[PDB]
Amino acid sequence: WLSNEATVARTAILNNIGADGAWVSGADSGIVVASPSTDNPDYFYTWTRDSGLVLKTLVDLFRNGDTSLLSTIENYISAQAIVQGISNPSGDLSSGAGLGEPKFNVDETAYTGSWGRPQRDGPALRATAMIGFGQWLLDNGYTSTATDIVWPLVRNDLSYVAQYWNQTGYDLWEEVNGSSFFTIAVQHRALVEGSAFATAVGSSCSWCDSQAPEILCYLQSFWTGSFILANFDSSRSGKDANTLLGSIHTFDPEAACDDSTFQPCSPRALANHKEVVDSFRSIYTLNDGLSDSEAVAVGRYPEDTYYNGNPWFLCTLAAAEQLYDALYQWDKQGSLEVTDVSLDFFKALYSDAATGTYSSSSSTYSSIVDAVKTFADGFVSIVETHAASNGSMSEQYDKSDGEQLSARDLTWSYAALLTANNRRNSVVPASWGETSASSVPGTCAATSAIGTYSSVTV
C-alpha cells in the first residue's frame, strides 16, 4: 500500500501547487495551497510553514533522483521572492517583521483578517527548504543561481531568525502565544545549515554563528525530565505532536543519539515518544482494546477541541517517522542503548528490556529493532486503514470511527506520507551539521543579532 500511496502523494501535492495544479486554479506559480477546500474549512491559502515543509520534501526527492520536480522548485523560489516582500499585518520586509506572517492569499496578496500572527517557525522552514536547493545548484555548476538568487532569499530568513528567535509568537497549531519547542528546534537547525550555505556561496553569516548556540541553549529548557514540553507557558500537559515533528524535522542522519538536539534515537526523544503517543490511548474510541505495545491513532495534543479533537494523519505519520529515523541511526552506529530515561519506551515494546548497550551484531538488539519496526509499521497501517480507497488524505480522521474530516487533500498529509515512507526505506535527507552544533553553552543569554533584509527580484 505504501508504494502505491506514495505515488498518489506525489501527484496530489503537485495538484495543490499553482499555477497549474489541477485542484488549485487561481493560485500563483510556485504557491503551495494547504488544501483545495474553500469552505468548511477554508484552507485555500498559502502558509509559509506548510509550503516550506512540502518543498523540503520535494527538494529531498529531487536530490535523490526525481529530477522532473525541477520547475516546481524553481517556481517556489520565484514565488518566495515575491512573498517575502508583501507588506502584511505582521510587518514589512525592511524591518524583517513581515517574514513572520503565517499565511497569504494564493494570489500573492496579504491576508488582512485577524490571525495568530506572527509564527516565527516560517522563515526557518523556508530557509531550510531553499538551502537544500542551493546545495544542489552549487554541486551541479549553477553557481550564479545559488549565489545571486537563492542565497539572498535565504539571507532574509536567516536574518529574521537571528533577530527574532527570542521573542514570543504563535505555535505551529496557530493557537498558543508563547515560545514553542518545534519553532525553537527548527530555528536552531536553520541557522546552522544557513551559515554553512553562506560560506559555500563565498559569503558569511555572523548573526547565524552567534545566535545558533544561544537558541540551542534555550532549547534545553523544553526537557521536563520525562518528556518534551510543547510550549512556554501553557497549563496544558505539554504533550504534543509538536515535539515529534521537532525531532523528525531536525533529524540529521550523521548524528548520534544526541539529547541536546533531541535526535530521534536520543533517550529524551524516545521517552517523549511514549508520553505523547500514550496521551491518545484512552481518549479516542478508535484506539479501544489496543495494548501499550501496539500503535494507536495519534492526534495533536490530548486537550485539542478542534473538530472535537481528533487523530491527524500527519501526527500519526510523525510517530512512525521518528521510529524509522531511530532505526536508521541505531544501524549506522552499530548499537542501541537503553537508559533510565528511555527504559519505559523500550519496556512497553520488549518486556525484557534493561539498561545497557547492545551491539547491532547482538541478540538483544535484534529483538528490540524488530519490535520497534513492527510498532512504527503499526502507525502507518492505521493511516492506510483511514486513507480513501483512491489514496486521498484529509487533515484528520475521526476519533470514534476513523472517517475523514476537516480539510480534504491536505498537502502536508501527503508530504508526511512521502517522508515517513522514505525513512522506512532508509532514504534520508542531507546532513545539516548537527555533529558540530550540539554543544550547549554553559550559560544561556536572552539575546538577538542583526542581519540584513533586502528584496530579491527574479
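In this text, residue numbers run from 1 along the sequence as written.
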Going by the entry, of stretches 96 to 104 and 356 to 364 the one with greater average Cα B-factor is 356 to 364
Stretch with the higher entry mean CA B-factor, where the candidates are 328 to 336 and 121 to 129: 328 to 336
From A79, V176, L349, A212, the top C-alpha temperature factor is at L349
Candidate set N272, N310, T385, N166 [ranked by C-alpha B-factor, highest]: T385
Looking at the entry's B-factor column for C-alpha atoms only, identify whether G246 ranks in the lowest, middle or highest third of its chain. lowest
Cα B factor band for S114 (lowest, middle or highest third within the chain): lowest
Mind checking which third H188 falls in for C-alpha B-factor across the chain? lowest
Looking at the temperature factor on the CA atom of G134, which third of the chain's modelled residues does it land in? middle
Ranking the modelled residues of this chain by C-alpha B-factor as given in the entry, is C205 in the lowest, middle or highest third? highest
